[PDB]
Asker: 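Mind having a look at this structure? Questions to follow.
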Amino acid sequence: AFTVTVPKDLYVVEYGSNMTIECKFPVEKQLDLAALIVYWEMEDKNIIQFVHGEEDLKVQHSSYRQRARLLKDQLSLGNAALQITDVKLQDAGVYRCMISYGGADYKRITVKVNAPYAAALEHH
Amino acid sequence: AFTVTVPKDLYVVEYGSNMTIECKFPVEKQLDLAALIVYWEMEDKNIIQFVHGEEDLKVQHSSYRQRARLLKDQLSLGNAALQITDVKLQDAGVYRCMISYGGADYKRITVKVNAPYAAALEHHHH
Ligand SMILES: Cc1c(COc2cc(F)c(CNCC(=O)CC(=O)O)cc2F)cccc1-c1ccc2c(c1)OCCO2
């Protein structure tokens with residue numbers, strides 16, 4: 001039974017830091033990239049994807065442009081980690097790691113962002 | 001490119017009625033049942049999980065037990081139709097239809113429930 005697992009379902013990160021949220025899927029024999037789909041979203045915003053071939057930036061939500069990447073060569077180890085650079089207050093929320101590979105599953109991850117007064121005030 | 005489509009992304013239904021909400025996906029003449037996964041959820045509650053040509057409980061959420069079914073006769077037309085019988089106020093919200101069939105895609109559908117005072121009052125107090 002194909003299952004996606006997340007080692008942590010809660011991250012608490014500092015405004016302005018970099019964040020890597022881990023997401024794991026089973027890979028027994030050699031990874032068959034042509035059969036794999038990885039999709040990340042947060043509250044219906046397309047963050048990143050890898051669809052058999054590769055990544056399609058055309059559908060990426062503007063709030064994640066040039067800040068989000070998938071570590072591509074960790075996919076052969078069953079690792080679908082999302083890296084977000086320069087965390088913003090709008091990055092707080094519930095993320096979903098959706099994977100298709102000889103089955104389909106997803107997991108949720110909650111992200112909390114701590115931020116100083118100056119940053120919070122501008123977002124106010 | 002594999003695409004799921006919703007003819008309607010908004011349903012307005014009466015409390016106590018039956019509702020069928022639909023996602024369409026492309027089927028080229030013949031459905032390969034072994035390849036298809038259909039998953040319906042509302043607010044992280046599992047409603048339907050169709051895998052290997054059969055519906056799969058007991059991952060189904062208790063709120064939807066015996067009230068939710070996938071109309072399997074529609075699948076060969078590429079229609080993933082969720083029927084919910086005896087609609088309740090707690091059925092209002094955002095539904096998602098997640099489909100793997102070669103490719104994978106998902107769509108959202110918003111459901112609003114109208115209800116008379118007596119039904120809302122019970123929902124209000126519990
Ligand atoms: C729904 C799903 C995805 C969705 O992947 C994507 C979702 C997107 F919106 C997009 C972006 N829009 C699609 C696109 O670029 C062109 C187009 O319009 O077709 C890309 C995805 F890969 C990727 C991987 C697995 C599953 C999935 C499918 C069925 C499931 C399930 C997960 O888990 C629970 C069981 O059922």
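All values below come from the heavy atoms of this structure, side chains included, with hydrogens, waters and symmetry mates left out. Within every chain, numbering begins at 1; the chains are lettered A, B, ... in the order of the sequence lines, protein sequences first and strands thereafter.
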Asker: For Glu41(A) and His61(A), what are the C-alpha separation, side-chain angles and deciding distance, and is it a side-chain contact (heavy atoms from CB on, under 4.5 Å)?
Answerer: CA-CA 9 Å; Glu41(A) 61 147 55; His61(A) 191 279; over 6 Å; no
Asker: Looking at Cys23(B) and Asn79(B), what are the two nearest heavy atoms and their distance?
Answerer: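 The pair with the smallest heavy-atom distance is O-OD1, 3.4 Å.
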Asker: Quick one: do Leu75(B) and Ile99(B) end up in the same hydrophobic cluster if we chain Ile, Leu, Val, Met, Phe, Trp and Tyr together by side-chain heavy atoms under 4.5 Å apart?
Answerer: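 Shared cluster, yes.
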Asker: Grab the two heavy atoms, one from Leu70(B) and one from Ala80(B), that are nearest each other, plus how far apart they are.
Answerer: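 Reported closest heavy-atom pair: CD1-C, 4.1 Å.
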Asker: Okay, side chain of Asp56(B), backbone of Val51(B): is any donor-acceptor separation there less than 3.5 Å?
Answerer: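 Looks like no, no N/O pair under 3.5 Å.
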Asker: Between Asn114(A) (side chain only) and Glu14(A) (backbone N and O only), is there a donor and an acceptor less than 3.5 Å apart?
Answerer: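 Not a single qualifying donor-acceptor pair exists.
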Asker: Please confirm whether the backbone N or O of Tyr39(B) pairs with a side-chain atom of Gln49(B), one donor and one acceptor, at under 3.5 Å?
Answerer: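 It does not hold such a pair.
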Asker: Just by distance, with hydrogens left out, do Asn46(B) and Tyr64(B) show a side-chain donor and acceptor under 3.5 Å apart?
Answerer: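 Their side chains do not contain a donor-acceptor pair, so the 3.5 Å distance test is not met.
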Asker: Considering non-hydrogen atoms only, spot the tightest contact between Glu22(A) and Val6(A) and give its length.
Answerer: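 Looking at all heavy atoms of both residues, the shortest contact is O-CG1, 3.6 Å.
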Asker: Is the shortest side-chain N to carboxylate O distance from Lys107(A) to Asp9(A) below 4.0 Å?
Answerer: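 Here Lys107(A) does not pair with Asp9(A) in a salt bridge, since their nearest N and O are not under 4.0 Å apart.
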Asker: Atom OH of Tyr106(A) and atom CH2 of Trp40(A): how far apart are they, to the nearest 0.5 Å?
Answerer: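 Interatomic distance, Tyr106(A) OH to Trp40(A) CH2, rounded to 0.5 Å: 13.0 Å.
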Asker: Over 60° means perpendicular and under 30° means parallel, so tell me whether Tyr101(B) and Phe2(B) are parallel, tilted or perpendicular.
Answerer: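 Plane angle between 30° and 60°, so tilted.
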Asker: Quick one: OG1 on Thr20(B) to CD1 on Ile84(B), what's the gap to the nearest 0.5 Å?
Answerer: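 The distance works out to 9.0 Å.
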Asker: Please give me the minimum heavy-atom distance between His123(A) and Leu89(A), naming the atom from each residue.
Answerer: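 What the structure gives for the nearest pair is CB-CD1, 4.4 Å.
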Asker: Which heavy atom of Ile37(B) sits nearest to which heavy atom of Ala104(A), and what is that distance?
Answerer: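 So the two residues come closest at CD1-N, 3.6 Å.
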Asker: Could you measure the distance from the CG atom of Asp91(A) to the NZ atom of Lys45(A)? Nearest 0.5 Å is fine.
Answerer: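 These two atoms lie 9.5 Å from each other.
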Asker: Give me the one residue out of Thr3(A), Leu36(A), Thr5(A) that meets side-chain contact (heavy atoms from CB on, under 4.5 Å) with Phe25(A).
Answerer: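 Single side-chain contact (heavy atoms from CB on, under 4.5 Å) partner of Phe25(A) among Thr3(A), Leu36(A), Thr5(A): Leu36(A).
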Asker: Looking at OG1 of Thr85(A) and CE of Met19(A), how far apart are the two atoms once the value is rounded to the nearest 0.5 Å?
Answerer: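 Result: 9.5 Å between the selected atoms.
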Asker: Quick check on the hydrophobic clustering: are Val38(A) and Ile109(A) connected, directly or via other members, by side-chain heavy-atom contacts under 4.5 Å?
Answerer: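 Yes.
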Asker: Working to the nearest 0.5 angstrom, can you tell me the gap between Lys8(B) NZ and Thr110(B) OG1?
Answerer: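 Output value for this atom pair is 11.0 Å.
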Asker: Any heavy-atom pair between the side chains of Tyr95(A) and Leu82(A) that's under 4.5 Å?
Answerer: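 In contact.
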Asker: Which residue pairs satisfy the disulfide (SG to SG under 2.5 Å) criterion with at least one member in residues 70-119 of chain B, sequence neighbours excluded?
Answerer: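 Qualifying pairs, neighbours excluded: none.
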Asker: Report the C-alpha distance between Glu43(B) and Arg108(A) in whole Å, list the side-chain angles of each, state the deciding distance to 0.1 Å, and finish with yes or no for salt bridge (charged side-chain N to carboxylate O under 4.0 Å, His left out).
Answerer: CA-CA 12 Å; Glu43(B) 276 169 18; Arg108(A) 287 174 306 267; over 6 Å; no
Asker: Can you check whether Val111(A) reaches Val113(A) side chain to side chain, under 4.5 Å on heavy atoms?
Answerer: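 Heavy-atom side-chain distance check passes, below 4.5 Å.
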Asker: Could you tell me whether a side-chain N or O of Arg67(B) sits under 3.5 Å from a main-chain N or O of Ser63(B), the two making a donor and an acceptor?
Answerer: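 Answer holds: yes.
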Asker: Are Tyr15(A) and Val12(A) in one and the same hydrophobic cluster, where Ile, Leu, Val, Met, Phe, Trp and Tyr link if side-chain heavy atoms are under 4.5 Å apart?
Answerer: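 No, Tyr15(A) does not connect to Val12(A) through the hydrophobic network.
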Asker: For the side chain of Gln60(A) and the backbone of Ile47(A), is there at least one donor-acceptor N/O pair under 3.5 Å apart?
Answerer: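 Yes, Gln60(A) side chain to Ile47(A) backbone: donor-acceptor pair under 3.5 Å.
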Asker: At their closest point, which heavy atom of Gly93(A) faces which heavy atom of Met42(A), and how far apart are they?
Answerer: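 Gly93(A) and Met42(A) have their closest heavy atoms at CA-SD, 4.1 Å.
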Asker: Measure the CZ-CG distance between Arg96(A) and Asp44(A) for me, rounded to the nearest 0.5 Å.
Answerer: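 With rounding to 0.5 Å, CZ (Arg96(A)) is 7.5 Å from CG (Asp44(A)).
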Asker: In the hydrophobic clustering that connects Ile, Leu, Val, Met, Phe, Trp and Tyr at side-chain heavy-atom distances below 4.5 Å, which members other than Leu71(B) occupy its cluster, ordered by chain and number?
Answerer: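 Its cluster mates, by chain and number: none.
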